[PDB]
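> The following file, final17.cif, comprises mmCIF, C-alpha atoms and all ligand atoms:
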data_coords
loop_
_atom_site.label_atom_id
_atom_site.label_comp_id
_atom_site.auth_asym_id
_atom_site.auth_seq_id
_atom_site.Cartn_x
_atom_site.Cartn_y
_atom_site.Cartn_z
CA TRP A 5 109.20 98.21 89.53
CA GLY A 6 107.85 101.74 89.46
CA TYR A 7 106.68 104.46 87.09
CA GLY A 8 109.99 105.71 85.75
CA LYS A 9 111.42 105.49 82.22
CA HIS A 10 113.62 102.59 83.29
CA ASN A 11 111.21 100.63 85.52
CA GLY A 12 107.77 101.80 84.40
CA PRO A 13 104.73 99.92 82.94
CA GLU A 14 106.56 99.07 79.67
CA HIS A 15 109.13 97.04 81.64
CA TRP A 16 106.77 95.23 84.01
CA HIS A 17 106.32 92.27 81.64
CA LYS A 18 109.93 91.19 82.19
CA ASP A 19 109.29 90.26 85.79
CA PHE A 20 105.52 89.71 85.54
CA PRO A 21 104.76 88.03 82.16
CA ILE A 22 101.01 88.23 82.83
CA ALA A 23 101.35 91.96 82.04
CA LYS A 24 100.55 90.87 78.49
CA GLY A 25 97.64 88.66 79.55
CA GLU A 26 94.12 88.26 78.19
CA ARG A 27 92.22 90.25 80.88
CA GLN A 28 94.38 93.15 82.13
CA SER A 29 93.41 96.52 83.66
CA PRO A 30 92.94 99.38 83.17
CA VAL A 31 91.18 99.81 79.80
CA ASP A 32 89.31 102.47 77.87
CA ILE A 33 85.53 102.38 78.36
CA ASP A 34 83.97 103.02 74.94
CA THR A 35 80.53 104.28 76.04
CA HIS A 36 78.89 103.67 72.68
CA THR A 37 80.14 100.07 72.34
CA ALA A 38 79.26 99.25 75.98
CA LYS A 39 76.18 97.05 76.27
CA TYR A 40 73.34 98.01 78.59
CA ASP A 41 72.69 94.75 80.45
CA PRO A 42 69.15 94.51 81.87
CA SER A 43 69.95 91.46 84.00
CA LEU A 44 72.53 93.37 86.05
CA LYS A 45 71.22 93.75 89.60
CA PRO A 46 71.61 96.87 91.75
CA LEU A 47 74.92 97.51 93.51
CA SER A 48 74.70 97.09 97.29
CA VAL A 49 77.46 99.07 99.04
CA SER A 50 77.21 98.55 102.80
CA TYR A 51 79.74 100.73 104.64
CA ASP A 52 77.79 101.55 107.85
CA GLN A 53 79.89 99.42 110.23
CA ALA A 54 83.26 100.19 108.64
CA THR A 55 86.47 100.40 110.70
CA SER A 56 89.58 102.17 109.36
CA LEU A 57 92.85 101.40 111.15
CA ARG A 58 95.88 102.92 109.50
CA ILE A 59 97.21 104.93 106.55
CA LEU A 60 100.46 103.83 104.87
CA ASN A 61 102.87 105.09 102.20
CA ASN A 62 104.09 101.98 100.33
CA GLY A 63 106.34 103.76 97.85
CA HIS A 64 103.77 103.79 95.07
CA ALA A 65 100.63 105.14 96.78
CA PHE A 66 99.09 105.52 100.24
CA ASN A 67 96.69 102.85 101.52
CA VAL A 68 93.96 103.38 104.10
CA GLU A 69 93.52 99.97 105.68
CA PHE A 70 90.35 98.57 107.27
CA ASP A 71 89.61 95.81 109.73
CA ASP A 72 88.25 93.01 107.51
CA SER A 73 88.07 90.25 110.14
CA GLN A 74 84.25 90.59 110.16
CA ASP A 75 81.66 91.73 107.63
CA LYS A 76 81.77 95.47 108.39
CA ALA A 77 81.96 97.32 105.05
CA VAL A 78 80.96 95.03 102.22
CA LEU A 79 80.06 95.07 98.52
CA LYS A 80 77.46 92.88 96.80
CA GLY A 81 74.74 92.92 94.17
CA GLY A 82 75.36 94.13 90.64
CA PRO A 83 77.40 91.52 88.73
CA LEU A 84 78.70 89.93 91.93
CA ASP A 85 77.57 86.66 93.46
CA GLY A 86 78.46 86.67 97.13
CA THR A 87 79.87 89.13 99.65
CA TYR A 88 83.20 90.97 99.27
CA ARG A 89 84.99 92.59 102.23
CA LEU A 90 86.64 96.01 101.97
CA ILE A 91 90.35 95.65 102.75
CA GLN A 92 91.80 99.03 101.68
CA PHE A 93 91.58 101.97 99.29
CA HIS A 94 94.13 104.01 97.35
CA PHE A 95 94.32 106.54 94.53
CA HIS A 96 96.32 107.11 91.35
CA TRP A 97 96.85 110.73 90.27
CA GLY A 98 98.85 112.79 87.84
CA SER A 99 101.37 115.62 87.92
CA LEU A 100 98.83 117.79 86.10
CA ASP A 101 95.00 117.84 86.26
CA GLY A 102 94.56 116.42 82.76
CA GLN A 103 95.93 112.97 83.56
CA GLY A 104 95.97 110.50 86.41
CA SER A 105 93.03 108.14 86.13
CA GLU A 106 93.96 104.64 84.97
CA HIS A 107 90.63 103.78 83.35
CA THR A 108 89.43 106.30 80.75
CA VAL A 109 85.98 107.06 79.32
CA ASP A 110 86.03 107.41 75.51
CA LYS A 111 89.77 108.14 75.83
CA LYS A 112 89.11 110.86 78.43
CA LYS A 113 91.53 110.88 81.39
CA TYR A 114 90.56 112.32 84.78
CA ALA A 115 92.88 113.92 87.35
CA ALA A 116 92.80 110.92 89.70
CA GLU A 117 90.99 107.65 90.39
CA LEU A 118 89.96 105.95 93.61
CA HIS A 119 90.15 102.18 94.14
CA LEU A 120 88.14 100.64 96.97
CA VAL A 121 89.46 97.07 97.17
CA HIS A 122 87.22 94.15 98.26
CA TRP A 123 87.93 90.37 98.42
CA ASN A 124 85.37 87.52 98.10
CA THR A 125 84.62 86.07 101.55
CA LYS A 127 84.07 82.52 100.28
CA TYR A 128 87.84 82.23 99.89
CA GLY A 129 88.80 82.84 103.52
CA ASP A 130 91.34 85.65 103.05
CA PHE A 131 92.87 88.16 100.63
CA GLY A 132 95.78 85.84 99.83
CA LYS A 133 93.40 83.06 98.81
CA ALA A 134 91.15 85.44 96.85
CA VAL A 135 94.10 86.35 94.60
CA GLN A 136 94.34 82.69 93.59
CA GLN A 137 90.83 82.87 92.14
CA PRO A 138 89.25 84.29 88.89
CA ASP A 139 86.36 85.84 90.90
CA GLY A 140 88.41 86.66 93.98
CA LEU A 141 88.29 90.43 94.06
CA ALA A 142 85.98 93.33 93.32
CA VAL A 143 87.36 96.85 93.04
CA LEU A 144 85.00 99.82 92.96
CA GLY A 145 86.50 102.49 90.73
CA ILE A 146 85.53 106.16 91.03
CA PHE A 147 86.92 109.08 89.00
CA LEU A 148 88.14 112.34 90.49
CA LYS A 149 87.74 115.62 88.60
CA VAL A 150 88.96 119.06 89.78
CA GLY A 151 86.28 121.49 90.97
CA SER A 152 84.81 122.03 94.45
CA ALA A 153 86.34 120.47 97.54
CA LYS A 154 85.17 117.04 98.67
CA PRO A 155 84.55 117.39 102.45
CA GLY A 156 84.79 113.65 103.02
CA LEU A 157 88.35 113.76 101.65
CA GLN A 158 89.99 116.42 103.85
CA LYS A 159 90.65 114.10 106.82
CA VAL A 160 92.75 112.00 104.45
CA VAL A 161 94.45 115.04 102.95
CA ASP A 162 95.35 116.45 106.39
CA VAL A 163 97.19 113.27 107.49
CA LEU A 164 99.53 113.12 104.48
CA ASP A 165 102.04 115.33 106.32
CA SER A 166 102.82 112.36 108.53
CA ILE A 167 103.35 109.77 105.79
CA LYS A 168 105.64 111.71 103.44
CA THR A 169 108.11 108.92 102.66
CA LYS A 170 108.15 105.26 101.68
CA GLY A 171 107.53 103.14 104.75
CA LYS A 172 105.73 105.57 107.00
CA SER A 173 102.23 105.04 108.36
CA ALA A 174 99.93 106.55 110.99
CA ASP A 175 96.80 105.56 112.91
CA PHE A 176 93.71 106.57 110.96
CA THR A 177 90.61 105.32 112.77
CA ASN A 178 86.96 106.31 112.54
CA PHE A 179 87.13 107.29 108.88
CA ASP A 180 83.83 106.97 107.00
CA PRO A 181 84.32 105.85 103.37
CA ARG A 182 80.69 106.77 102.52
CA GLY A 183 81.76 110.38 102.16
CA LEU A 184 83.78 109.52 99.05
CA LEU A 185 80.82 108.12 97.08
CA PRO A 186 78.97 110.07 94.36
CA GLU A 187 75.19 110.46 94.29
CA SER A 188 74.63 107.75 91.66
CA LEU A 189 75.65 104.10 91.57
CA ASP A 190 75.28 103.56 87.81
CA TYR A 191 78.31 101.57 86.64
CA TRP A 192 80.28 99.82 83.91
CA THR A 193 81.56 96.32 84.66
CA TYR A 194 84.10 93.95 83.09
CA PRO A 195 86.55 91.17 84.21
CA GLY A 196 90.10 92.48 84.64
CA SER A 197 93.20 92.58 86.90
CA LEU A 198 95.29 94.45 89.52
CA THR A 199 96.84 97.50 87.89
CA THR A 200 100.16 97.07 89.74
CA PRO A 201 102.36 93.97 90.04
CA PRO A 202 101.67 91.08 90.55
CA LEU A 203 98.90 92.07 88.07
CA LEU A 204 96.91 88.91 88.90
CA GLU A 205 93.72 88.41 86.85
CA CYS A 206 91.12 88.06 89.64
CA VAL A 207 89.15 91.29 89.54
CA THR A 208 85.55 92.06 88.69
CA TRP A 209 85.87 95.77 87.99
CA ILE A 210 82.93 98.04 88.78
CA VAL A 211 83.63 101.59 87.55
CA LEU A 212 81.03 104.23 88.42
CA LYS A 213 79.66 106.52 85.74
CA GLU A 214 79.47 109.59 87.99
CA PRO A 215 82.76 111.31 89.07
CA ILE A 216 83.38 113.10 92.35
CA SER A 217 84.90 116.62 92.60
CA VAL A 218 87.95 117.62 94.65
CA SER A 219 89.61 121.04 94.93
CA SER A 220 92.85 122.05 93.26
CA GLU A 221 94.31 122.38 96.78
CA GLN A 222 93.38 118.82 97.73
CA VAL A 223 95.11 117.21 94.68
CA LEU A 224 98.34 119.19 95.20
CA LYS A 225 98.78 117.65 98.65
CA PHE A 226 98.81 114.20 96.95
CA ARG A 227 101.64 115.54 94.80
CA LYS A 228 103.70 116.41 97.90
CA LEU A 229 104.21 112.77 98.85
CA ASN A 230 107.45 110.90 98.17
CA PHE A 231 108.18 107.68 96.28
CA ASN A 232 111.50 107.39 98.12
CA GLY A 233 112.12 106.80 101.80
CA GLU A 234 113.53 109.28 104.32
CA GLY A 235 117.13 110.18 103.63
CA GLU A 236 117.15 109.57 99.87
CA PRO A 237 116.90 111.85 96.82
CA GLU A 238 113.35 113.15 96.78
CA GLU A 239 111.07 111.85 94.03
CA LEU A 240 107.59 113.39 94.07
CA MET A 241 104.87 110.72 94.01
CA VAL A 242 102.93 111.79 90.87
CA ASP A 243 101.87 110.00 87.66
CA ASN A 244 101.58 106.68 89.53
CA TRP A 245 99.16 105.29 86.97
CA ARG A 246 99.24 102.47 84.41
CA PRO A 247 97.89 103.24 80.85
CA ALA A 248 94.90 101.49 79.26
CA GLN A 249 95.51 97.90 78.17
CA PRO A 250 93.91 96.08 75.18
CA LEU A 251 90.30 95.02 75.70
CA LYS A 252 90.74 91.85 73.61
CA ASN A 253 88.00 89.20 73.87
CA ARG A 254 85.98 91.18 76.43
CA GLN A 255 82.79 93.22 76.41
CA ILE A 256 82.01 96.02 78.84
CA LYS A 257 78.46 95.93 80.19
CA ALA A 258 76.53 98.93 81.52
CA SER A 259 73.90 99.10 84.25
CA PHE A 260 72.20 102.05 82.54
CA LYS A 261 71.15 103.69 79.27
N1 LIG A 301 94.93 98.56 91.72
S1 LIG A 301 94.00 97.54 92.24
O1 LIG A 301 92.86 98.09 93.13
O2 LIG A 301 93.58 96.79 91.15
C1 LIG A 301 94.91 96.67 93.37
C2 LIG A 301 94.28 96.12 94.57
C3 LIG A 301 95.05 95.30 95.50
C4 LIG A 301 96.45 95.03 95.23
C5 LIG A 301 97.19 94.12 96.11
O3 LIG A 301 96.81 93.67 97.13
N2 LIG A 301 98.54 93.71 95.69
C6 LIG A 301 99.30 92.80 96.58
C7 LIG A 301 99.40 91.39 95.97
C8 LIG A 301 99.54 90.32 97.06
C9 LIG A 301 99.32 88.90 96.50
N3 LIG A 301 100.59 88.12 96.51
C10 LIG A 301 100.88 87.85 95.11
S2 LIG A 301 102.44 87.52 94.47
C11 LIG A 301 97.08 95.58 94.05
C12 LIG A 301 96.32 96.40 93.13
HG HG A 302 93.36 85.18 90.06
ZN ZN A 303 94.72 100.97 92.20
#
Can you give me the file's structure in the form of C-alpha cells?
Ligand SMILES: NS(=O)(=O)c1ccc(C(=O)NCCCCNCS)cc1
Ligand SMILES: [Hg+2]
Ligand SMILES: [Zn+2]

Amino acid sequence: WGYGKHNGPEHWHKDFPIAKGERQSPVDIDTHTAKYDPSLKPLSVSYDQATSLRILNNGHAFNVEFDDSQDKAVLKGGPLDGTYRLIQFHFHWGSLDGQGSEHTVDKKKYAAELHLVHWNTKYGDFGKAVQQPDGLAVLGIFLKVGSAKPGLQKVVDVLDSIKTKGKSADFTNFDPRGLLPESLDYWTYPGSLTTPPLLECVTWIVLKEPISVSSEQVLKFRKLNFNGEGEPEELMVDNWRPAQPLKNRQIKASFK
C-alpha cells in the first residue's frame, strides 16, 4: 500500500476492508456543528520525563520513537479515562503548502499535521491496545507555514541521515514539549489509524491552535524518499489520507 494512483487510499479497502468502517479517520471538523461539551475535563500532557531513542524512515513517514517501558511522557484528562503512554510521533505533509494535513477544519487543509501517538496503559502494550476500542489516543496538531519552529530544527537537521526506506539514527534527548502550541483547546471524536491496518481504536484529540514552521523546514521533509537506497527515487510528499465520512458521530469541543 502507499499513496500512488495504483496503491493509494482508494485501493486500501481491498486488503483492509475496515477502510469503509463506521469510525474512520481523518475527517472534516465542521466548527459550527461541533458541540461545546462542558463536561470535558482539561487535557493533561505530561512530557517532562520523556526519552527519545531513535528516528526511522519506514517508507511512508519518519517516526521518532520513545522509551515507553515506564510512565515518562503521558497523556490524560480531557475525554480520556486513564493514562496513555507516548510511543512515537510522525507527520503527514504535502508537495505544496496548501495541502498535507489529514484532518481539515471547515474543509481547510494545512501544510502538514503532527501525530503524537499514545497507548492506554491498562492494556499492557501497544499490540494489546490495538485490540481495544479505547486503546489509543493520538494528539493531532496542525502545521502552517510562517516563522520557524525552533523546537523542530533538531528533527529537520537529522533527516539527511534517514533519506531512504529502512534507515534510522539515534535521536536521544529530544524534548517534545517544544512542538506544542500555547493553547490546549481541542476537538475530540472516536476514530482510527489513518494508515493500514486502519484499526478503530483511537480517541482523537485535535488541537484548535496550529503551530508555525518555516518554508525551509517543510522543504527538508520533501527531500526524503519513499523508496530504499538503490531504487528509483520517489520523493516522500503527499503522504496523507483524505477526510472520511463522519457517519453516526458527533465532534465535541472543549471551548466556545
Ligand atoms: N496515523 S495514526 O497516528 O493514527 C497511527 C498511529 C500508530 C500506527 C501504528 O502503530 N500502526 C502499526 C499497526 C500495528 C498493529 N498490528 C496490526 S495488524 C498507525 C497510524
Ligand atoms: Hg481496536
Ligand atoms: Zn499519522
> In the coordinates of the file, take the point (76.1, 90.1, 79.6) and a cut-off of 12 Å; then, counting all atoms listed in the file, name each qualifying protein, DNA or RNA residue as a PyMOL selection string.
chain A and resi 38-45+82-83+192-195+254-259
> Produce a file of the selected residues containing C-alpha atoms, as a CSV table (one decimal), in the coordinates of the input.

chain,number,residue,atom,x,y,z
A,38,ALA,CA,79.3,99.2,76.0
A,39,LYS,CA,76.2,97.0,76.3
A,40,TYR,CA,73.3,98.0,78.6
A,41,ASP,CA,72.7,94.8,80.4
A,42,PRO,CA,69.2,94.5,81.9
A,43,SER,CA,70.0,91.5,84.0
A,44,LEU,CA,72.5,93.4,86.0
A,45,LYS,CA,71.2,93.8,89.6
A,82,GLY,CA,75.4,94.1,90.6
A,83,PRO,CA,77.4,91.5,88.7
A,192,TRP,CA,80.3,99.8,83.9
A,193,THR,CA,81.6,96.3,84.7
A,194,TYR,CA,84.1,94.0,83.1
A,195,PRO,CA,86.6,91.2,84.2
A,254,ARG,CA,86.0,91.2,76.4
A,255,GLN,CA,82.8,93.2,76.4
A,256,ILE,CA,82.0,96.0,78.8
A,257,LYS,CA,78.5,95.9,80.2
A,258,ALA,CA,76.5,98.9,81.5
A,259,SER,CA,73.9,99.1,84.2
> I want to know what sits within 8 Å of segment 159-175 of chain A, based on all atoms listed in the file, with residues of the same chain fewer than 3 positions away left out; could you give that as a ChimeraX atom specification?
/A:57-63,156,179,222,225-226,228-234
> Could you tell me which of A:184, A:189, A:242, A:121 comes closest to ligand ZN 303 (chain A) if we count all atoms listed in the file?
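Looking at the shortest contact to ligand ZN 303 (chain A), the residue is A:121.
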> For the interface of chain A with ligand ZN 303 (chain A) (cut-off 7 Å, counting only C-alpha atoms and all ligand atoms), please tabulate each contacting residue of chain A alongside its nearest pair of atoms and their separation in Å to one decimal, rows sorted by chain and increasing number, as a Markdown table.

| residue | atom | partner | partner_atom | distance |
| --- | --- | --- | --- | --- |
| A:94 | CA | A:ZN303 | ZN | 6.0 |
| A:95 | CA | A:ZN303 | ZN | 6.1 |
| A:96 | CA | A:ZN303 | ZN | 6.4 |
| A:119 | CA | A:ZN303 | ZN | 5.1 |
| A:199 | CA | A:ZN303 | ZN | 5.9 |
> Which residue out of A:249, A:105, A:197, A:37 has the minimum interatomic distance to ligand LIG 301 (chain A) when all atoms listed in the file are used?
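Answer, going by the shortest atom-to-atom distance: A:197.
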> Using all atoms listed in the file, collect all residues at a distance of at most 6 Å from (80.7, 100.8, 89.3) as written in the file, then present them as a list in words.
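Those within range, by chain then number, are residues 144, 191, 192, 210, 211 and 212 of chain A.
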> Interatomic distance between atom CA of residue 215 of chain A and atom CA of residue 250 of chain A?
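Going from atom CA of residue 215 of chain A over to atom CA of residue 250 of chain A covers 23.4 Å.
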> Mind pulling up the distance from atom CA of residue 51 of chain A to atom CA of residue 87 of chain A?
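Between atom CA of residue 87 of chain A and atom CA of residue 51 of chain A the gap works out to 12.6 Å.
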> Counting all atoms listed in the file, figure out which residue out of A:88, A:149, A:28, A:78 gets nearest to ligand LIG 301 (chain A).
A:28
> How far is it from atom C12 of ligand LIG 301 (chain A) to atom CA of residue 157 of chain A, in Å with one decimal?
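That distance, rounded to one decimal, is 20.9 Å.
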> Excluding residue 5 of chain A and any residue of its chain fewer than 2 positions from it, enumerate the residues within 8 Å of it, using only C-alpha atoms, and give them as a PyMOL selection string.
chain A and resi 7+11-12+15-16
> Distance limit 9 Å, reference ligand LIG 301 (chain A), atoms considered: all atoms listed in the file. Which residues make the cut? Give them as a ChimeraX atom specification.
/A:29-30,91-96,118-122,131-136,141-145,196-204,207,209
> Would you put the residues from that selection into a file with C-alpha atoms, as a PDB file, keeping the file's coordinate frame?

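Once written, again_14.pdb looks like this:
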ATOM      1  CA  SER A  29      93.410  96.520  83.660  1.00  0.00           C
ATOM      2  CA  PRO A  30      92.940  99.380  83.170  1.00  0.00           C
ATOM      3  CA  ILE A  91      90.350  95.650 102.750  1.00  0.00           C
ATOM      4  CA  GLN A  92      91.800  99.030 101.680  1.00  0.00           C
ATOM      5  CA  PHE A  93      91.580 101.970  99.290  1.00  0.00           C
ATOM      6  CA  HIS A  94      94.130 104.010  97.350  1.00  0.00           C
ATOM      7  CA  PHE A  95      94.320 106.540  94.530  1.00  0.00           C
ATOM      8  CA  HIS A  96      96.320 107.110  91.350  1.00  0.00           C
ATOM      9  CA  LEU A 118      89.960 105.950  93.610  1.00  0.00           C
ATOM     10  CA  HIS A 119      90.150 102.180  94.140  1.00  0.00           C
ATOM     11  CA  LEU A 120      88.140 100.640  96.970  1.00  0.00           C
ATOM     12  CA  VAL A 121      89.460  97.070  97.170  1.00  0.00           C
ATOM     13  CA  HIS A 122      87.220  94.150  98.260  1.00  0.00           C
ATOM     14  CA  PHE A 131      92.870  88.160 100.630  1.00  0.00           C
ATOM     15  CA  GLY A 132      95.780  85.840  99.830  1.00  0.00           C
ATOM     16  CA  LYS A 133      93.400  83.060  98.810  1.00  0.00           C
ATOM     17  CA  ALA A 134      91.150  85.440  96.850  1.00  0.00           C
ATOM     18  CA  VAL A 135      94.100  86.350  94.600  1.00  0.00           C
ATOM     19  CA  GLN A 136      94.340  82.690  93.590  1.00  0.00           C
ATOM     20  CA  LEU A 141      88.290  90.430  94.060  1.00  0.00           C
ATOM     21  CA  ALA A 142      85.980  93.330  93.320  1.00  0.00           C
ATOM     22  CA  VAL A 143      87.360  96.850  93.040  1.00  0.00           C
ATOM     23  CA  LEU A 144      85.000  99.820  92.960  1.00  0.00           C
ATOM     24  CA  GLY A 145      86.500 102.490  90.730  1.00  0.00           C
ATOM     25  CA  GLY A 196      90.100  92.480  84.640  1.00  0.00           C
ATOM     26  CA  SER A 197      93.200  92.580  86.900  1.00  0.00           C
ATOM     27  CA  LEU A 198      95.290  94.450  89.520  1.00  0.00           C
ATOM     28  CA  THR A 199      96.840  97.500  87.890  1.00  0.00           C
ATOM     29  CA  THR A 200     100.160  97.070  89.740  1.00  0.00           C
ATOM     30  CA  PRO A 201     102.360  93.970  90.040  1.00  0.00           C
ATOM     31  CA  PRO A 202     101.670  91.080  90.550  1.00  0.00           C
ATOM     32  CA  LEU A 203      98.900  92.070  88.070  1.00  0.00           C
ATOM     33  CA  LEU A 204      96.910  88.910  88.900  1.00  0.00           C
ATOM     34  CA  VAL A 207      89.150  91.290  89.540  1.00  0.00           C
ATOM     35  CA  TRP A 209      85.870  95.770  87.990  1.00  0.00           C
TER      36      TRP A 209
END
> Which of these, A:128, A:97, A:70, A:114, has the shortest distance to ligand HG 302 (chain A) once you count only C-alpha atoms and all ligand atoms?
A:128
> Can segment 81-92 of chain A be brought up to N, CA, C and O atoms and written out as a PDB file, in the frame of the given file?

ATOM      1  N   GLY A  81      75.732  92.504  95.147  1.00  0.00           N
ATOM      2  CA  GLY A  81      74.740  92.920  94.170  1.00  0.00           C
ATOM      3  C   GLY A  81      75.430  93.168  92.852  1.00  0.00           C
ATOM      4  O   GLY A  81      76.574  92.754  92.671  1.00  0.00           O
ATOM      5  N   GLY A  82      74.763  93.866  91.940  1.00  0.00           N
ATOM      6  CA  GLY A  82      75.360  94.130  90.640  1.00  0.00           C
ATOM      7  C   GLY A  82      75.736  92.836  89.958  1.00  0.00           C
ATOM      8  O   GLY A  82      74.945  91.896  89.943  1.00  0.00           O
ATOM      9  N   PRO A  83      76.951  92.737  89.410  1.00  0.00           N
ATOM     10  CA  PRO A  83      77.400  91.520  88.730  1.00  0.00           C
ATOM     11  C   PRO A  83      77.931  90.452  89.686  1.00  0.00           C
ATOM     12  O   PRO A  83      78.140  89.299  89.299  1.00  0.00           O
ATOM     13  N   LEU A  84      78.133  90.836  90.940  1.00  0.00           N
ATOM     14  CA  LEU A  84      78.700  89.930  91.930  1.00  0.00           C
ATOM     15  C   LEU A  84      77.733  88.887  92.465  1.00  0.00           C
ATOM     16  O   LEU A  84      76.524  89.098  92.504  1.00  0.00           O
ATOM     17  N   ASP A  85      78.302  87.757  92.867  1.00  0.00           N
ATOM     18  CA  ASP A  85      77.570  86.660  93.460  1.00  0.00           C
ATOM     19  C   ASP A  85      78.354  86.403  94.741  1.00  0.00           C
ATOM     20  O   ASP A  85      79.481  85.907  94.707  1.00  0.00           O
ATOM     21  N   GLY A  86      77.802  86.854  95.860  1.00  0.00           N
ATOM     22  CA  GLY A  86      78.460  86.670  97.130  1.00  0.00           C
ATOM     23  C   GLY A  86      78.891  88.000  97.710  1.00  0.00           C
ATOM     24  O   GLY A  86      78.772  89.041  97.053  1.00  0.00           O
ATOM     25  N   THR A  87      79.417  87.949  98.928  1.00  0.00           N
ATOM     26  CA  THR A  87      79.870  89.130  99.650  1.00  0.00           C
ATOM     27  C   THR A  87      81.388  89.338  99.559  1.00  0.00           C
ATOM     28  O   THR A  87      82.177  88.387  99.653  1.00  0.00           O
ATOM     29  N   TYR A  88      81.789  90.591  99.354  1.00  0.00           N
ATOM     30  CA  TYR A  88      83.200  90.970  99.270  1.00  0.00           C
ATOM     31  C   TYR A  88      83.511  91.978 100.372  1.00  0.00           C
ATOM     32  O   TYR A  88      82.815  92.988 100.515  1.00  0.00           O
ATOM     33  N   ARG A  89      84.565  91.712 101.138  1.00  0.00           N
ATOM     34  CA  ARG A  89      84.990  92.590 102.230  1.00  0.00           C
ATOM     35  C   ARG A  89      85.993  93.676 101.804  1.00  0.00           C
ATOM     36  O   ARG A  89      86.967  93.403 101.098  1.00  0.00           O
ATOM     37  N   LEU A  90      85.757  94.898 102.262  1.00  0.00           N
ATOM     38  CA  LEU A  90      86.640  96.010 101.970  1.00  0.00           C
ATOM     39  C   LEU A  90      87.931  95.844 102.785  1.00  0.00           C
ATOM     40  O   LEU A  90      87.894  95.724 104.019  1.00  0.00           O
ATOM     41  N   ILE A  91      89.064  95.809 102.092  1.00  0.00           N
ATOM     42  CA  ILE A  91      90.350  95.650 102.750  1.00  0.00           C
ATOM     43  C   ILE A  91      91.165  96.956 102.801  1.00  0.00           C
ATOM     44  O   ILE A  91      91.852  97.231 103.787  1.00  0.00           O
ATOM     45  N   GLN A  92      91.070  97.765 101.749  1.00  0.00           N
ATOM     46  CA  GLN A  92      91.800  99.030 101.680  1.00  0.00           C
ATOM     47  C   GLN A  92      91.387  99.847 100.458  1.00  0.00           C
ATOM     48  O   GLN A  92      90.622  99.370  99.606  1.00  0.00           O
TER      49      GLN A  92
END
